[PDB]
């Protein structure tokens, strides 16, 4: 079976309880994770150890808090006490875990399920070929010996409009924002980097990225996490918002793909 779980944010106990609820069995089952494995919750270290140990039985995409963790590790960004990352950063296997983490994809595609996963979703300005190429570009930087320079460059809110002509820092920044920070779009598909509220609270003419017809969503289902204020609700058919805010006192959600059956684990808070 195929299980998809939204943002774990260090909530190791809830993740394991949820996986036991579905009797997740590596070798028979596969787990897809929407990213943001770390931060806020208390067990980021255990979450990373376990997910890394699953190997081919897990298909991960990186989220914005995973990238932030990498930036702290590399000395690019300051540690916030609120993220609770110190046990992981000071762990004897920190190097092993974070060098594994930075080699994971931004995008997962399963053609037999016609299923696409990214942390924030797929901007309607991208077709599948473009999304694949952009994911590959950023993954090549993250997997290289010079990933700290990229992590330093990624911070920023511009440009917010895709063009195949984009080059250099702006091209990487747009790619990173689209995969890991996107929520609202302007009618032309351009990204808004400021509003984090539910679609109902957003000012016109802002709409959820998934409310704008895009070539990928027309042919593929899209699973994503990241947008906790969505509360997993209000999406069109074929769009699966899996982040139900576990670290925030909400729930951790698991979707079994074969029967679209939901399983939910209450936050331990």
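Residue numbers count along the first chain shown, from 1.
The stretch 192-200 shows the higher mean C-alpha B-factor when 192-200 is compared against 168-176 in the entry. Per-stretch averaging of Cα B factors for 145-153 and 118-126 places 145-153 on top. Residues shown: 158, 85, 72, 97. Highest C-alpha temperature factor in the entry: 158.
In the PDB entry, the Cα temperature factor peaks, among 231, 29, 46, 66, at 231. For residue 51, the recorded CA temperature factor ranks within the lowest third of the chain's modelled residues. Per the PDB record, residue ranking by Cα B-factor puts residue 41 in the middle third of the chain. Per the deposited record, the Cα B-factor of residue 181 falls in the lowest third when ranked against the other modelled residues of its chain. The entry lists a Cα temperature factor for residue 265 that places it in the middle third of the chain's modelled residues.
Residue 34 sits in the lowest third of its chain by CA B factor, as recorded in the PDB entry.
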